[PDB]
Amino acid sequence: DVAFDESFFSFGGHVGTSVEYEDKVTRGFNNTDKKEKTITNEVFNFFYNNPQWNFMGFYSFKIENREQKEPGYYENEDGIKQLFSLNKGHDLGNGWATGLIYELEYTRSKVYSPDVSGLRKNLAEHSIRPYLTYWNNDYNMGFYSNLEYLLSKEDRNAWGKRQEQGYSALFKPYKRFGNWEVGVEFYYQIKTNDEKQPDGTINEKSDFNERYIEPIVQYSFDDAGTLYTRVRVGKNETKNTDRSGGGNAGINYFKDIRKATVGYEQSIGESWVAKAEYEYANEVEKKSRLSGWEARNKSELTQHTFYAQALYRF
């Protein structure tokens, strides 16, 4: 009945834009630096919210430019990343709700290096996430939870194809007290990786799992904005089967992850909202066995990301 009693065209939401700058250095197993800078210009994003339908939608258009430099090598990659998502919710009563999210992130790009000129890639990442939420008004606490199926398909033409398929689970209890909000994300992911050449030759066949724990602390100034910090501790493992290629058959990779994010959001007058966020990430990866050409059993990522957004609510 609701789809006829309340119009599809009765909705609110926002239109926004953002910029992101990412500065990444990976000192790999040969003890040399791979330096990458990525600038992302979100020229348009659109949020559709139809509360009467309990129905939300999101669309994003991002221009991405990445430059990579290493000893004796460079790589530039230019493309567009789009995101389309739908969220249908259902109120279960007594503080409970559920719903289903479908999300597609799709990126087409071109790569330029000493070896290739305009090699085309496209990447489609499909996410299906049923979720379950609870909130108690009296105790001012509750939780967000979801499961996820994730399918990632990358076509890199001459460089072959890569598919990742897996599941994740997330549980985030949280509470509010006065102007504070505090919570912790618990996350687990399992995934399989398959990468092949057009040949049919296997580059990678591996099993992956990741866990992280991420507390978040948030304070909302009565007469200003919302300041928040998140600290993530995580680890993951990539376990190559015996059929993996590139000297990686039977090789296991182990990664320790540390991140810190600080952000601030300010509503400005009736319509606008501004947000800035900084993230530091440090990830250290080791192998179960070195092959013979590696300088060291350590590959370390250090990454700085800054993000700024402005949106207009309607």
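For every residue, the number given is its place in the sequence shown, counted from 1.
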query: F4 coordinate gap across at least a third of other entries; finding: yes
query: 119-127 versus 152-160 - which carries the larger mean C-alpha B factor in the record; finding: 152-160
query: Between 49-57 and 31-39 (mean CA B-factor, as deposited), the higher; finding: 49-57
query: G93, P173, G79, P215, ranked by C-alpha B-factor: the highest one; finding: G93
query: Highest recorded Cα temperature factor - choice among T201, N240, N136, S168; finding: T201
query: Third of the chain's Cα B-factor distribution that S299 belongs to, per the entry; finding: lowest
query: Third of chain Cα B-factors occupied by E210; finding: lowest
query: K191, C-alpha B-factor rank within chain (lowest, middle or highest third); finding: middle
query: Lowest, middle or highest third - CA B-factor, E285; finding: middle
query: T107, C-alpha B-factor rank within chain (lowest, middle or highest third); finding: lowest
